[PDB]
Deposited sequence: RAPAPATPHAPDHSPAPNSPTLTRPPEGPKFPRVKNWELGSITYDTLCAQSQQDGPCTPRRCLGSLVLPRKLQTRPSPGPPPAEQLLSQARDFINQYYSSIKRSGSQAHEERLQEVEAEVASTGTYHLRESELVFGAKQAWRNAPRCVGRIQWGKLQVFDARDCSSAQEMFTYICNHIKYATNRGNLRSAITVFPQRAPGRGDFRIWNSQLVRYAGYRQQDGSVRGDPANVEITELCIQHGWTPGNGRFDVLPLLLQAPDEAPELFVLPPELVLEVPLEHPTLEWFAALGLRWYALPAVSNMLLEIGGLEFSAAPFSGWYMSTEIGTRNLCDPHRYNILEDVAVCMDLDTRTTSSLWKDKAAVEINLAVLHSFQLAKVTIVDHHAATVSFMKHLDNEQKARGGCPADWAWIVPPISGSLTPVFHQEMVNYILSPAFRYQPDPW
């Protein structure tokens, strides 16, 4: 074959060549000498070239590449950058850019859905209070009484010598994590720092395991302001198991809406520092990671004890048995509650379909194997057996430093 990465599926014996990776402008963490794939954490004329590239992507997406409108838009952008140092996206350009950022996200297994994204344009927002209103609207629309809908809300872009719009919280919904006197944590240990930041900024803390955090919202060059979500806007699912009656007695729950709020959306050189987006959960994110990680709720031993498993020897597979029942409880409870959720089998089958769609549409799909393969039952899903090429395309969602 050709001189592009050859990609193999070991289950089916089929081969593809990734030619899309040629479009990658930005380097990842690896070199010839060493693979750094498993690592969680990897303008002037510079703006113009990123902007030109994005405008070319837009016009090609609407099959008007080389058109008069295409060439006029290019001239517009360079003139605007020439005089002001920056430029602004048309509305349809933002919608295209946000969908493309999602389509481009190598860590997202949900990308079959990429073309179905509600884009709320909030580039008119001028205060923290209005951010909150926009966010509540997002949450209401996206939650939709359990019939979840993917959405993103985009706040004003970064601007030269003016402060950023930032949502301080890592997600729109987060449970408090309260550091105890003994040094243990009540609630979610992932959220200890954001919890202590909320208190420093005047929040009156609770002391439950599932206290919903307020939002800390920052408008340009202002201290962040604190906003409590009205509890009726935050849909949650109490967890029960279909046959283990005691599981409901554990008082476990999770919220419906996974909504990432700390990522930067980059489109044609422009940087949207506040641009929260939401989808629906894959069940392993809740049942395996959030509930069973040792550094999260860590409930495995408790569930195993209730199941009367032999927790004293690794070889009884007590961890695997408990984890499976916890995942089942998550699925069953969301289903009973009528809240959209997808299991890791159905999600990974749909990601394989996505890989085939993108092979034909673009000649490849950037994908992070370690993130795509679910954290339980890996080789039981078709993605385990699929080789993947990881690279950065733009538009992109990127990590950005915390605002404090």
Seminar exercise, completed: The record leaves without C-alpha coordinates the deposited-sequence stretches 1-27, 70-81
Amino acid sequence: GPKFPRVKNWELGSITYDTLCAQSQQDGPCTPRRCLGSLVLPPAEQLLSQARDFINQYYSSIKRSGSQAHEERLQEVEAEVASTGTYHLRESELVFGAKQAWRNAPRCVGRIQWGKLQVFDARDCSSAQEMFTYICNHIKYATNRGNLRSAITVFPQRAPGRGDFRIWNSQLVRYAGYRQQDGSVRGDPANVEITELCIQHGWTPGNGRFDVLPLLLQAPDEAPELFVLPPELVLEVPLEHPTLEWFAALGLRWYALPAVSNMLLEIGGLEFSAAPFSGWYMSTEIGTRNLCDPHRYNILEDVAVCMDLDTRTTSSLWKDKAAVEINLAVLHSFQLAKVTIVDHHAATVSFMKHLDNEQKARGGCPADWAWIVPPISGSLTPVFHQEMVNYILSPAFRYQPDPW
From here on, numbers count along this sequence of modelled residues.
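Between two forms, the rigid core is defined as the largest C-alpha subset superposing within 1.5 Å.
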For this session: Consider 244-252 and 158-166 separately and indicate which one has Cα atoms farther, on average, from the shown form in 9 other deposited structures of this protein after rigid core alignment.
Result: 158-166
Seminar exercise, completed: Comparing 285-293 with 68-76, larger root-mean-square C-alpha distance from this form in 9 other deposited structures of this protein, core superposed, belongs to 68-76
For this session: Report the stretch with the higher mean CA temperature factor, choosing between 71-79 and 302-310 on the basis of the entry.
Result: 71-79
Problem set entry | Between 220-228 and 163-171 (mean CA B-factor, as deposited), the higher | 220-228
Exercise. For the listed residues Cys365, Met352, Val342, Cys35, which one has the largest C-alpha B-factor as given in the deposited model?
Worked result: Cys35
For this session: Could you tell me which one of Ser379, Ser49, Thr348, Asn357 shows the highest CA temperature factor in the PDB record?
Result: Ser49
Exercise. Which third of the chain holds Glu387 when residues are ordered by C-alpha B factor: lowest, middle or highest?
Worked result: lowest
Exercise. If you rank every modelled residue in this chain by C-alpha B factor, which third holds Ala361: lowest, middle or highest?
Worked result: middle
Exercise. Relative to the other modelled residues in the chain, which third contains the C-alpha temperature factor of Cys21: lowest, middle or highest?
Worked result: highest
For this session: For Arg103, return the chain-relative third of its C-alpha B-factor as stated in the PDB record: lowest, middle or highest.
Result: lowest
For this session: Pull the Cα B-factor of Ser278 out of the PDB entry and bin it into the chain's lowest, middle or highest third.
Result: lowest
